[PDB]
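Right, one structure below, let's go through it.
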Amino acid sequence: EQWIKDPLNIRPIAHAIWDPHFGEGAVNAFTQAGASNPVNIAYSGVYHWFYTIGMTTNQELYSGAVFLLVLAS
Amino acid sequence: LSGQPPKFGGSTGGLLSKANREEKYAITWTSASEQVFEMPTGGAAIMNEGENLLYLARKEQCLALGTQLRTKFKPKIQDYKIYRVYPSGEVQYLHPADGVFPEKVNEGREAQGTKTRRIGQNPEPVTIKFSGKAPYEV
Amino acid sequence: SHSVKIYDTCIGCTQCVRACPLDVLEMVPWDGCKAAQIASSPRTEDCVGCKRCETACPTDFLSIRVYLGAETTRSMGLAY
Amino acid sequence: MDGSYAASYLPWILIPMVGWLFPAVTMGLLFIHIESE
Amino acid sequence: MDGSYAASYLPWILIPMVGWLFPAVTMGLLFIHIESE
Amino acid sequence: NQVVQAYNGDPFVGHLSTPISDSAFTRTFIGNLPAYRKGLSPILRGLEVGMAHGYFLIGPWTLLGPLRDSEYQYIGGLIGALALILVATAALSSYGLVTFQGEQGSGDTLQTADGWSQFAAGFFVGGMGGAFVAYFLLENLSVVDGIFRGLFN
Amino acid sequence: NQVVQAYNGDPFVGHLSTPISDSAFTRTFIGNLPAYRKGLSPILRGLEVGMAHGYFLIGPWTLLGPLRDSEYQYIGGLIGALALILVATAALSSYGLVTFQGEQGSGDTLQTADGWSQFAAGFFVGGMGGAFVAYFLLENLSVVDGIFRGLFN
Amino acid sequence: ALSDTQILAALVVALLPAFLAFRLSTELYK
Amino acid sequence: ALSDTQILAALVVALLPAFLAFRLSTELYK
Ligand code: CLA
Ligand code: CLA
Ligand code: CLA
Ligand code: CLA
Ligand code: CLA
Ligand code: CLA
Ligand SMILES: CC1=C(/C=C/C(C)=C/C=C/C(C)=C/C=C/C=C(C)/C=C/C=C(C)/C=C/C2=C(C)CCCC2(C)C)C(C)(C)CCC1
Ligand SMILES: CC1=C(/C=C/C(C)=C/C=C/C(C)=C/C=C/C=C(C)/C=C/C=C(C)/C=C/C2=C(C)CCCC2(C)C)C(C)(C)CCC1
Ligand code: SF4
Ligand code: SF4
Ligand SMILES: [Ca+2]
Ligand SMILES: [Ca+2]
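Residue numbers (the working numbering), protein chains in the order written: chain A, 7 to 79; chain B, 11 to 148; chain S, 992 to 1071; chain X, 2 to 38; chain Y, 2 to 38; chain D, 5 to 157; chain U, 5 to 157; chain E, 1101 to 1130; chain R, 1101 to 1130.
In structure tokens, the structure reads:
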């Protein structure tokens, strides 16, 4: 939602880091691209591909993910 | 399995738990003269006067011992017999299976393992596809 | 166990049957060579696969072949 | 590890399960399986 | 029982051992021994 | 005066009768550990083996752990020790399920499926009990110090 | 392609071989529960059955109890779970005393007086241990939350 | 943003590919 | 006064009369 406002400035977040090993330094270092949790910046370019093929909301991606769960089923 | 064991001081190279769970191998040889041989388990031992009974864990160790009995001693010890003894108790008889050593033609043996062709006429794997066999054994 | 096969090109030179450590091989009578003997592999369940028999064979290409297969206790040389 | 997103308790329970219960259970079942009979 | 001297923790551990572990272990071993066979 | 003979008078077994492996003290001590002591049912030897290891595993995380510099210093060590005893008992019971499926004799009562199951049960009870008793001594360390020095007597 | 045959090839026993009762997954799963797993001594299967139920019975009184709105929320749940495991083990041992008095064989080691006594003992140890370990996780819930999130690492 | 119960709905939906993948892999094992 | 590590040094030195006394008493027991 945030990335399709200004794709040039915001880094795309891949997923969230959750491991119990992180110290305070790593949690503050890996909080990036406008998040509260530690996050991983997406370098796969799926954000640009989803933005180009017309997906502009988290509900569209959620519907796509559930549809692909059903297709895999 | 008659024979006093060689005067060996013991070693860590030798019989593991394979010997008392599955087969272990005994080599029996008779020598007139007391002398010193190299056990394949590592070390040196004493050949007793008369019969010897050496228990080993592999057949290759027994044949290596018998090989050095044949070639490293000027009074060559060639009446050596290799057994395969089981913990259940029965004793097999392995290396001089016939009377004479395998290098000599006994003329009463059977030609098994012999193919009626050379390697050039071996069948090729494309003919035997999904047959459960392999190109040698067809 | 590995399968040791002896082919027609054997010249009965006995080199394989004494190069074999476990004495799997043995010489049997034959009528196809001057030496009137061919190697056989009777106790081929004792073959470890060392291929010293193939190394000692003078005939070209090879009159004896070892074909490595289903491993067992005897064919893997485990003292344990 | 705070979670700003929806269902932040879900990684809290699924990282131990995929990290321990899935490996311990899968290796236990495979250890019983590869060594059966 | 404060200890002003050097290694005051050493009586702290050696009075239980010589008072209990040495008697319990010694009487246990001697009880197994005098009543063996 | 040779002190290294062959093992048990057999010169072809792969073992030497060294002063560590086959001494009188080693025979009387190794042969009297719970894994080797004579006549014990597997449950009591597993219980005695278990407590010696639950009491052990408390320490490494208690003094060296992610929680060693907080107020829950001993709870983290106890949690780590229960995790280790849980996976230890799971490994023990899996070993029993695996190894003892083909039928074997009863020369030793521990090397059988019922015997190893009793050993695993005793190890679990003893391990968790030893872990919790070391936690209870460590959590109540002021009390143990005061009673060994005489602050309450 | 029929999926409901008779049970074990016997068409006159009162059971069908349905995909729930007699599947491969059901055989491998029900037949590997402690009550049915092969080779286990009764003490270890009773211990494994016991812990699965002691850890269970903590919750219902902890979250829904007379003490759920006080500071001793978890102690009331633990007390209720010990009461239930006590009466459960009393019922188990009474069942063993009752059912296994006429002499029977040893085809299954659990369906005998010594086997059921071992099962009841293991159930008691496991049930009270599971109840206390669920109490210990629930009482020290701030610690478990902090170590799973990384507040002390 | 996204809802709390949409994630759990996705989990209980993905429980169906779990069952069908388990049964397909079991049938391949024959 | 006396040092902390001199006491532990005395203990590890006295571990040698412990071993030799154990072995002497064992040899007297024969
Ligand atoms: C991918 C999964 C993953 C996850 C989630 C963890 C997570 C954890 N690691 Mg680990 N680690 C892993 C992989 C993982 N690690 C690997 C692969 C390595 C090897 C390189 C390590 C190496 C490593 C070391 C060496 C240490 C950690 C430790 C830690 C813990 C830090 C906090 C703590 O004290 O926990 C305490 C322990 C736990 C929370 C374990 C769970 C045990 C409690 C009792 C829960 C069990 C509940 C109950 C008894 C059973 C319930 C049954 C259930 C069905 C309901 C944390 C939980 C530290 C630690 O303290 O470990 C103990 C530490 O010392 N890890
Ligand atoms: C010479 C040795 C000696 C020593 C060191 C002690 C010391 C003690 N006595 Mg004892 N006493 C002794 C001889 C000794 N006595 C003899 C010979 C008599 C008979 C006349 C008595 C009669 C006597 C009575 C009647 C009582 C005491 C009590 C006390 C304890 C007072 C504090 C307390 O509550 O402890 C609490 C108890 C302990 C510290 C015992 C240790 C148990 C804990 C759990 C430590 C074990 C740790 C763990 C479980 C195992 C670890 C294994 C290890 C290998 C790591 C104190 C520890 C009092 C007491 O409370 O006794 C219980 C008391 O009532 N004593
Ligand atoms: C990574 C290595 C490591 C680490 C960090 C530790 C760390 C620790 N160990 Mg451990 N340990 C280790 C390896 C390690 N251990 C090894 C390799 C073993 C050998 C297998 C041991 C065996 C060992 C024992 C046997 C004990 C420790 C103890 C401890 C603690 C002592 C320090 C403290 O604050 O306790 C505070 C100090 C005490 C509580 C002292 C009490 C000592 C005893 C109980 C008092 C004497 C009473 C007597 C024994 C009663 C018995 C007889 C009676 C019933 C008649 C500490 C947490 C102690 C412990 O866990 O206590 C709970 C202890 O007793 N450890
Ligand atoms: C729904 C059924 C169910 C449940 C409630 C449990 C419950 C438990 N079992 Mg398990 N068990 C089951 C089925 C189940 N079992 C099956 C089908 C097998 C046969 C392969 C096993 C074989 C097994 C072994 C060999 C052992 C346990 C033990 C345990 C206890 C804690 C460890 C554990 O498995 O984590 C909780 C697990 C779950 C909630 C999921 C259960 C389903 C999987 C298949 C369990 C597989 C266990 C795995 C091989 C090893 C444990 C992993 C664990 C340490 C993380 C606990 C009481 C251990 C114990 O403490 O016994 C004294 C033990 O040693 N179980
Ligand atoms: C009347 C119905 C009812 C009620 C009210 C509850 C209520 C509760 N249950 Mg329970 N339960 C019930 C029925 C019910 N249960 C049923 C029908 C079963 C199935 C047989 C379960 C099975 C179940 C399990 C398996 C567990 C609960 C838990 C809990 C508590 C979770 C909420 C909380 O505050 O814990 C706080 C939340 C936690 C402590 C989360 C911890 C979860 C695990 C331990 C962390 C992951 C670590 C991993 C499993 C380590 C194992 C492997 C490692 C050793 C390598 C709560 C008291 C948990 C509990 O008792 O925890 C002590 C829990 O673990 N219950
Ligand atoms: C004075 C003797 C005495 C005492 C101290 C106990 C003590 C105990 N017994 Mg009991 N028991 C006794 C005689 C006694 N028993 C007799 C004569 C019988 C034969 C019928 C039983 C049969 C019995 C069973 C079958 C079981 C117990 C168990 C128990 C334990 C807790 C439950 C209990 O009975 O509450 C305390 C009881 C009393 C203080 C009064 C004891 C006198 C009556 C006759 C006990 C009858 C027990 C009853 C059938 C079931 C327990 C009820 C309880 C859950 C409320 C506890 C250690 C249970 C246990 O945990 O074992 C592992 C168990 O399963 N007992
Ligand atoms: C001596 C010696 C040695 C050793 C060492 C050591 C140091 C040891 C250790 C030891 C230990 C390590 C010990 C421990 C102990 C323990 C204990 C004593 C425990 C107890 C337990 C209990 C108390 C439990 C119980 C319970 C409970 C509490 C509850 C729960 C459950 C139960 C019931 C189980 C050596 C080898 C060198 C050799 C020489 C000599
Ligand atoms: C999976 C599955 C299932 C199930 C479910 C569930 C959910 C389960 C539950 C589970 C459970 C429920 C678990 C539990 C666990 C437990 C535990 C793990 C415990 C432990 C214990 C302990 C730790 C103890 C110990 C001790 C102590 C501590 C002290 C005292 C004593 C003793 C020693 C005993 C079903 C059927 C659906 C099917 C499908 C799949
Ligand atoms: S070495 Fe080759 S040529 Fe010589 S006998 Fe053996 S198989 Fe024949
Ligand atoms: S492979 Fe080695 S052991 Fe086998 S027959 Fe040839 S030489 Fe003998
Ligand atoms: Ca810390
Ligand atoms: Ca109330």
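Even for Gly, the Cβ is constructed at its ideal location relative to N, Cα and C.
For residue i, go through chain E and note every residue whose CB falls closer than 8 Å to its CB, in chain order.
i, result
"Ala-71(A)", "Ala-1110"
For residue i, go through chain X and note every residue whose CB falls closer than 9 Å to its CB, in chain order.
i, result
"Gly-154(U)", "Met-2"
Closest to residue i by CA distance: which of the options is it?
i, options, result
"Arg-68(B)", "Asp-89(B), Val-46(B), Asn-58(B), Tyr-96(B)", "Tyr-96(B)"
"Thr-126(B)", "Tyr-1071(S), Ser-994(S), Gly-1023(S)", "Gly-1023(S)"
"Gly-76(B)", "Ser-1032(S), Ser-992(S), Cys-1011(S), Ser-1054(S)", "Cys-1011(S)"
"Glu-117(B)", "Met-1018(S), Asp-1037(S), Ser-1054(S), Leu-1053(S)", "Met-1018(S)"
"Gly-134(U)", "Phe-123(D), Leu-90(D), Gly-81(D), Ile-79(D)", "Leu-90(D)"
"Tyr-99(U)", "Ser-74(U), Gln-122(U), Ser-45(U)", "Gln-122(U)"
"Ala-87(D)", "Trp-65(D), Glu-107(D), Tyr-76(D)", "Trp-65(D)"
"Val-46(B)", "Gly-19(B), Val-101(B), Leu-66(B), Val-148(B)", "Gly-19(B)"
"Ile-19(A)", "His-27(A), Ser-50(A), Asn-34(A)", "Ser-50(A)"
"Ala-42(B)", "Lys-114(B), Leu-79(B), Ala-144(B), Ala-107(B)", "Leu-79(B)"
"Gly-29(X)", "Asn-36(U), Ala-125(U), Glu-75(U)", "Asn-36(U)"
"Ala-121(B)", "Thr-1035(S), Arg-1009(S), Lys-1025(S)", "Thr-1035(S)"
"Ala-117(D)", "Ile-151(D), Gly-111(D), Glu-107(D)", "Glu-107(D)"
Using a Cβ cut-off of 7 Å, pull out every chain D residue sitting near residue i, in sequence order please.
i, result
"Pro-24(Y)", "Simply none; closest approach about 17 Å."
"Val-129(U)", "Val-129"
"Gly-133(U)", "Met-132"
Which of helix, strand or coil does DSSP assign to residue i?
i, result
"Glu-1017(S)", "strand"
"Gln-122(B)", "coil"
"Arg-41(D)", "coil"
"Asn-62(B)", "strand"
"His-21(A)", "strand"
"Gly-54(U)", "helix"
"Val-995(S)", "strand"
"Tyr-11(U)", "helix"
"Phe-28(A)", "coil"
For a contact meaning CB atoms closer than 7 Å, what does residue i contact in chain R?
i, result
"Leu-11(Y)", "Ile-1107"
So residue i contacts chain A; which residues on that side make the cut at Cβ distance below 7 Å?
i, result
"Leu-1116(E)", "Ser-79"
Run down chain U in chain order and give the residues with a C-beta less than 7 Å from the C-beta of residue i.
i, result
"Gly-29(A)", "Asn-157"
Using a C-beta to C-beta distance shorter than 8 Å, which residues of chain Y count as neighbours of residue i?
i, result
"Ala-1101(R)", "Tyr-6, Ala-7"
List, in chain order, every chain D residue whose beta-carbon is nearer than 8 Å to that of residue i.
i, result
"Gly-20(X)", "Those do not exist, as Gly-20(X) stays about 12 Å from chain D at its closest Cβ, beyond 8 Å."
"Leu-26(B)", "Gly-18"
In chain B, which residues lie with their C-beta within 7 Å of the C-beta of residue i?
i, result
"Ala-10(D)", "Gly-19, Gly-20"
Determine the chain S residues that contact residue i at a beta-carbon separation under 7 Å, and present them in chain order.
i, result
"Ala-67(B)", "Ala-1070"
Quick one: which chain D residues come within Cβ less than 9 Å of residue i?
i, result
"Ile-33(X)", "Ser-98, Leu-101, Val-102"
Strictly below 8 Å CB to CB, what residues from chain A border residue i?
i, result
"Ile-16(X)", "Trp-24, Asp-25, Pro-26"
Among all residues, which have a Cβ less than 5 Å from at least one non-hydrogen atom of ligand 9, and in what chain order do they fall?
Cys-1001(S), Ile-1002(S), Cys-1004(S), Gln-1006(S), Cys-1007(S), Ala-1030(S), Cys-1048(S), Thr-1050(S), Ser-1054(S), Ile-1055(S)
Exercise answer, beta-carbon shell around ligand 2 heavy atoms below 6 Å
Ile-16(Y), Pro-17(Y), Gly-20(Y), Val-137(D), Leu-141(D), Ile-151(D), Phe-152(D), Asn-157(D)
What residues from the segment 93-111 of chain D come within 7 Å of chain X, judged by C-beta to C-beta, listed N to C?
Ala-94, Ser-98, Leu-101, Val-102
Collect the residues with a C-beta less than 7 Å away from any heavy atom of ligand 12 and give them in sequence order along the chain.
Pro-70(U), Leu-71(U), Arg-72(U), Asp-73(U), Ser-74(U)
Between the segment 17-48 of chain D and chain B, which residues of the former have a C-beta closer than 9 Å to a C-beta of the latter?
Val-17, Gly-18, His-19, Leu-20, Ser-21
Select from the segment 41-64 of chain A all residues with a C-beta closer than 8 Å to any C-beta belonging to chain E, and list them in chain order.
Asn-64
Residues of the segment 1116-1130 of chain E in Cβ contact with chain A at a cutoff of 7 Å, in chain order, please.
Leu-1116, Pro-1117, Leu-1120
Positions along the segment 43-72 of chain B whose CB lies within less than 7 Å of some CB in chain S:
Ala-67, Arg-68, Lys-69, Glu-70
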